[PDB]
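A lone chain, given as structure tokens: the form solved without its partner chain.
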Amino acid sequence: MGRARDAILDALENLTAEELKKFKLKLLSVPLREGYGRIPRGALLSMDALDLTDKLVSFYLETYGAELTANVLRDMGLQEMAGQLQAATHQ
């Protein structure tokens, strides 16, 4: 568990069908660095909020996972939840 997981879950829950569509694409739109893994868009559509929270934290790390979440969210042009999510994990 941890604040990263709690806050990512909260964020995903606060996103809508539209935002989750764009997020699920964005998560595999902005090219990821080498080391980590990419959750493909098929996977992301078959997954939901908690399924992502578990995968996106386990498949990376807590800090990197919440960082990714706020990063990709900020790439969506969403800035409110990005900054809040950042502090939700690490105020």
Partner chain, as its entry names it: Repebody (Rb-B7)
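Positions refer to the first chain, counted from 1.
The following text describes the form solved in complex with its partner chain, which does not appear among the structures shown.
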Answer with yes or no whether residue 19 is in contact with its partner chain in the entry with it bound, where contact means some heavy atom within 4.5 Å.
yes
Within 4.5 Å, heavy atoms only: does residue 68 come near its partner chain in the entry with it bound?
no
In the entry with it bound, does residue 73 have a heavy atom within 4.5 Å of its partner chain?
no
Flag residue 61 as yes or no: does it have a non-hydrogen atom within 4.5 angstroms of any non-hydrogen atom of its partner chain in the entry with it bound?
no
